[PDB]
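Just below is one structure, and these are the notes that go with it.
Numbering (my numbering), first residue to last: 4 to 165.
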């Protein structure tokens, strides 16, 4: 059995790894475009399992939940700025690094304040395992719908869904 913390920490590693691979790929390369779409899919499902399963289980930490949702808005708002600059434009790399910075600020705040659960939250190891199992399954479901959205409706429709 996997628990809720391990699900989130291992998925953070995935997201961070995609961030690094994107940064390392040539600007406007075919490889960087595909990696960026992959990151959007993983970001979508990360925020969704947080909003839909993890934070409700941690709802006793009301101030930190508010902060976490506000951090989500930070990432989404910066993503909108990033998507206004095509990778071929001179200031793109600056914009990517600004986005990557906001992304890393989300992940840091979560790892500082929300994993493990704040002390307000009474949660047992068994409750964390059940939650982890639900989150792993729901993340798979969400990746399927995000993939489907990207494939059938395009990148803009994936972004509008964040």
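Quick reminder that beta carbons are idealized off the backbone N, C-alpha and C, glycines included.
Between which two residues does the alpha helix (DSSP H) holding residue 111 run?
Here the alpha helix (DSSP H) through residue 111 covers 95-116.
Would you call the stretch 6-19 and the stretch 44-60 in contact, with 3 or more CB pairs under 8 Å?
Using a Cβ-Cβ distance cut-off of 8 Å, the stretch 6-19 and the stretch 44-60 are in contact, since at least three pairs of beta carbons, one from each stretch, lie closer than that value.
How many Å lie between residue 160 and residue 153 at the Cα?
Between residue 160 and residue 153, the C-alpha separation is close to 7 Å.
Going residue by residue through the stretch 39-103, where are the continuous alpha helix (DSSP H) segments of at least 4 residues, counting only ones entirely within it?
With a minimum length of 4 residues, the unbroken runs of alpha helix (DSSP H) contained wholly in the stretch 39-103 fall at 65-86.
Here's the rule I'm using: 16 or more other beta-carbon atoms within 10 Å means buried, otherwise exposed. How should residue 149 be labelled?
It is buried - the Cβ of residue 149 has at least 16 other Cβ atoms within 10 Å.
Taking DSSP as the reference, what is the three-state secondary structure of residue 165?
In this structure, residue 165 counts as coil in the three-state DSSP scheme.
In angstroms, rounded to a whole number, what distance separates the CA positions of residue 94 and residue 29?
Each residue's alpha carbon lies about 14 Å from the other.
Please name the residue, chosen from 31, 56, 34, that lies closest to residue 7 on a Cα-to-Cα basis.
Answer by Cα proximity: 56.
How about residue 14 and residue 45: do their beta carbons lie closer than 9 Å?
Less than 9 Å divides the Cβ of residue 14 from the Cβ of residue 45.
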